[PDB]
Amino acid sequence: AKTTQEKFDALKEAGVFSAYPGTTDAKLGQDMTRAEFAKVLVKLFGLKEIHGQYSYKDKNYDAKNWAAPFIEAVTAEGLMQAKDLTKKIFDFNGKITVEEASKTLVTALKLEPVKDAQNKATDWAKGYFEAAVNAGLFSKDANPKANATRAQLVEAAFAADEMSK
Ligand SMILES: CO[C@@H]1O[C@H](CO)[C@@H](O[C@@H]2O[C@@H]3CO[C@](C)(C(=O)O)O[C@H]3[C@H](O)[C@@H]2NC(C)=O)[C@H](O)[C@H]1NC(C)=O
C-alpha cells in the first residue's frame, strides 16, 4: 500500500509529475494550474503534443506559452475544453479543481458519468465527480469545487495509471 510521496516519486521518475515550479519539492499541499495538469494528462496517457495550433484566446496563450502543446493535445483528445465557449478562454493559469480533474480522468478512462448523481459538484460535473469517487480516483470527502492538491492529483493519476496499466 504505497504512500502519496511514494506514488509521487514513481510518477516523477516516469516523467508524469514534476516538482513544484522553481523547486525540487513535491509540495503535496500545493495546488496545480490547468496548464500543468494538461501536461500531466499528456504524460499519463502518452498523448501526442500538438505544436503550431492555438484553440484559445487567453492573454499570452501563443507560441511562447510552454503549455500550448499539452493544452492543444488534451483539447484534441476531448479531455479538456474552454471555460468560456464565446471568448474561447481555457484559463491556463487557473488552478485545476477536483471536479475538473474528475471529468478529464473519467473521460480518459471511458468511465460512464453516474446517472442521478447526488453530490457537492457544480451541476455540469455531478456525473463526472460521482464516477471518479466510485472508481476510487478521489475520496468521498473531497470537495469537488475545491482546487485539487498535488496530493489528490497524485492519488487520482496513480489510480488512473493502474486502471490502464
Ligand atoms: C458561469 O461559470 C462557468 O460555468 C461553466 C459551465 O456552465 C464552466 O464550464 C466548465 O469548465 C470546465 C473547465 O474544466 C474542464 C475539466 C475542462 O474541460 O477543462 O471541464 C469544463 C466543463 O466542461 C465546463 N466547460 C464548458 C465549456 O461547458 C466554467 O468553468 C465556469 N466559468 C468560470 C470562470 O468558473
Side-chain angles (χ1 to χ4, degrees), residues 11 16-18 21 28 30-161 163-164:
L11 289 173
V16 175
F17 268 80
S18 288
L28 295 184
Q30 265 304 321
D31 291 345
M32 182 176 284
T33 65
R34 288 161 54 74
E36 282 173 294
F37 192 64
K39 181 176 181 183
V40 167
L41 289 167
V42 166
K43 301 293 179 182
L44 183 59
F45 295 114
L47 305 187
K48 176 151 196 154
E49 299 180 27
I50 299 175
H51 296 277
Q53 184 185 278
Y54 312 94
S55 300
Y56 305 105
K57 305 177 62 65
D58 301 49
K59 172 105 186 323
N60 292 323
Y61 189 79
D62 56 39
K64 304 302 179 55
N65 191 318
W66 66 262
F70 302 106
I71 288 171
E72 290 305 316
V74 293
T75 297
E77 202 69 355
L79 301 188
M80 305 183 72
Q81 57 176 174
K83 292 191 164 171
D84 184 341
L85 292 171
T86 302
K87 297 193 168 180
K88 295 186 162 283
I89 299 294
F90 184 80
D91 188 20
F92 65 80
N93 276 339
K95 302 309 173 75
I96 191 86
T97 66
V98 170
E99 71 191 3
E100 283 173 357
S102 295
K103 172 184 152 188
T104 72
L105 294 173
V106 160
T107 303
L109 292 172
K110 312 174 191 191
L111 294 166
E112 283 187 51
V114 176
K115 301 309 169 81
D116 298 339
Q118 177 186 298
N119 59 47
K120 301 175 186 66
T122 312
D123 287 333
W124 68 260
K126 291 185 183 297
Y128 291 123
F129 178 58
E130 194 72 1
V133 173
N134 287 353
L137 302 181
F138 297 99
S139 73
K140 66 169 180 77
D141 286 311
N143 176 13
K145 297 186 230 177
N147 298 348
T149 67
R150 291 162 55 84
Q152 287 172 314
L153 295 172
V154 162
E155 289 292 331
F158 196 86
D161 193 24
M163 277 182 62
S164 36

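All values below come from the heavy atoms of this structure, side chains included, with hydrogens, waters and symmetry mates left out. Counting starts at 1 for both ligands and their atoms, following the listed order. Quick note: residue numbers are just sequence positions, from 1.
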Is [X] close to ligand 1, meaning an N/O of one under 3.5 Å from an N/O of the other?
X      : result
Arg34  : yes
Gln81  : yes
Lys103 : yes

Which residue supplies the protein heavy atom nearest to [atom], what is that atom called, and how far is it?
atom                    : value
atom 6 (C) of ligand 1  : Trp124 CD1, 3.9 Å
atom 33 (C) of ligand 1 : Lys83 CD, 4.1 Å
atom 16 (C) of ligand 1 : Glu100 O, 3.3 Å

Indicate whether [atom] is within a distance of less than 4.0 angstrom of some protein heavy atom.
atom                    : value
atom 21 (C) of ligand 1 : yes
atom 30 (O) of ligand 1 : yes
atom 9 (O) of ligand 1  : yes
atom 2 (O) of ligand 1  : no

Just wondering, do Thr75 and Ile50 contact through their side chains at under 4.5 Å, heavy atoms?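 Answer no - side chains too far apart.
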Indicate the atoms forming the closest heavy-atom contact of [X] with [Y], along with that distance.
X      : Y      : result
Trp124 : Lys103 : CZ3-CD, 3.8 Å
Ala101 : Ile96  : N-CG1, 3.9 Å
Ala142 : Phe129 : O-CZ, 3.5 Å

Does only the side chain of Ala82 get under 4.0 Å from ligand 1, or the backbone, or both, or neither? Count heavy atoms.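 Looking at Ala82 and ligand 1, just backbone atoms fall under 4.0 Å.
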Mutual orientation of the aromatic rings belonging to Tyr54 and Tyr61 [parallel < 30°, tilted 30-60°, perpendicular > 60°]: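 Geometry flag for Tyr61 against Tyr54: perpendicular rings.
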When you look at NZ of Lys88, are more than 12 heavy atoms from neighbouring residues, nucleotides or ligands closer to it than 6.0 Å?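 Count not over threshold, so no.
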Quick check: are there more than 12 heavy atoms from other residues, nucleotides or ligands sitting under 6.0 Å from NZ of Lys120?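 No.
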With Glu72, the side-chain hydrogen bond (donor to acceptor under 3.5 Å, both in side chains) member among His51, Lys48, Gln53: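 Per the side-chain hydrogen bond (donor to acceptor under 3.5 Å, both in side chains) rule, the option paired with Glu72 is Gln53, out of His51, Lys48, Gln53.
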Suppose I only count heavy atoms of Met80 and a 4.0 Å limit; which atoms of ligand 1 are within that range?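 Here the atoms of ligand 1 in question are 17 (C), 18 (O), 19 (O).
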If you count the atoms of ligand 1 from 1 in the order shown, which ones are under 4.0 Å from a heavy atom of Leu85?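 Those atoms are 27 (C).
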Tell me whether the guanidinium CZ or amine NZ of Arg34 lies under 6.0 angstrom from the six-membered ring centre of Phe90 and within 45° of its axis.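 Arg34 over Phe90 ring: yes.
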